[PDB]
């Protein structure tokens, strides 16, 4: 028995496993239960703390993936399969993982907590791209990641009911955060320096913890990559979650009031619920997800828009950013004319039609406005332009402009904000060239995977990943991503509403740019709401 691999937490003893990182050993504790299995009558319910266990709990393997839809568009293609469950599906999935340095840190170390994405309908903390091994080994970080319930299991809501109050997957995350406060010191983590970070839905989740008072005492800094709590896909109104839950129930034969409806849903096999998950969306669309956090008046006291507009963010530090082609990869999930297996050169007609699908809530006038803005009037019918514009429309509406308004609002209201745009395309990428640097493809680099020589990343990419791991952990450590030794430029400046400085993350040294897609986001954040607003 290795004494470094034995830990006592509140609930009992645990045995981890020494894993190999290229620079040396790390201690990993995988599959640690943080809640009572949310099964049977606990489906749709807020999670309860895990009861104490006897003996030594085996924490050497990843635990089950939360029940979710599995992608079937491109079977056995790396670019999709890399996001698919890599363990057994089960409703019994409330476990987290901890990577620490080996030997365990001598003095308390800043803690990073990862929250995965997947549109609140998918994801898992066990995917190879979320491997905490590298960050633990090179930067000496204590890295934590939890599973949280997704799809119906995490977010089906009958608002105001006792037995489907909504947002429970966000409560799973909050419970993992509390678990960290109570327990991370036993691993040599510092519960007094916790940085949340996440991508896509994970980034929106981090956003939600910023916006929810009970979460605030559980972290000190935040990183939101390619996602925000504001914007068109991350939340729904109470009225709208009730409609979808009700509709899903109708779809699976329930009922033959809220209590009855939820009791009958509870009798249904998990796959029955996933079978009809997609059919509750109000419009033909892309970048919209059936079961997401609901504006409940509880976890979320008002809309994320109202909350960001009026919040006090004085002692908060935030790192936010986007990748170069946020919307490209989404296009093949519903826009006629797009495929990964050809160059996807579209007609003008295919563009107008794709806009109604990229901006599913847009009126004729509003979609006309989108079209007229994104057209290159010098080359109005050029298929390459039209394709890139369609991708641009989706990236901007869903990620880049929501990010830009989050950054401005936080900065204006006392927070310390650092922003980036990530522009390096992975040499190993399996999606076609026209998709560029798609949603999700920075993660790989932040987590330090290019340092594994067996993964065939170029030398330049390894150095690049070393730089990114240093920014992220510098940020966790201090709230400032800059290397406090060196001494030479260019320094990453804070983002502000005046100057609007952000940096390009790519193979070249940091470049400072101003204005995060400024004219275009003004279109989305200031004009379009007004459209659309008073009419209709």
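Residue numbers count along the first chain shown, from 1.
For the step residue 453 to residue 454, what size class fits the number of deposited residues with no coordinates, none, 1 to 3, 4 to 9, or 10 or more?
Nothing is missing between them.
Give the stretch, out of 497 to 505 and 478 to 486, with the larger mean C-alpha temperature factor in the deposited entry.
Mean CA B-factor is higher for 478 to 486.
Test of understanding: from the entry's C-alpha B-factors, which stretch has the higher mean, 181 to 189 or 453 to 461?
Taking the mean B-factor of the alpha carbons in each, 453 to 461 is higher.
Kindly indicate the residue among 290, 173, 97, 283 with the greatest C-alpha B-factor in the PDB record.
Highest C-alpha B-factor among the listed options: 283.
Maximum C-alpha temperature factor per the entry, among 395, 438, 256, 231, belongs to which one?
Comparing C-alpha B-factors across 395, 438, 256, 231, the maximum falls on 256.
Test of reading the entry: by CA B factor among the chain's modelled residues, which third contains residue 442?
Bottom third by C-alpha B-factor.
Compared with the other modelled residues in the chain, in which third is the CA B-factor of residue 113?
According to the entry, residue 113 has a C-alpha B-factor in the chain's lowest third.
Where does the C-alpha B-factor of residue 414 rank in its chain, lowest, middle or highest third?
It falls in the middle third of the chain.
C-alpha B factor of residue 149, ranked within the chain: lowest, middle or highest third?
Residue 149: CA B-factor falls in the lowest third of its chain.
Compare the C-alpha B factor of residue 80 with those of the other modelled residues in its chain, then answer lowest, middle or highest third.
For residue 80, the deposited C-alpha B-factor lands in the middle third.
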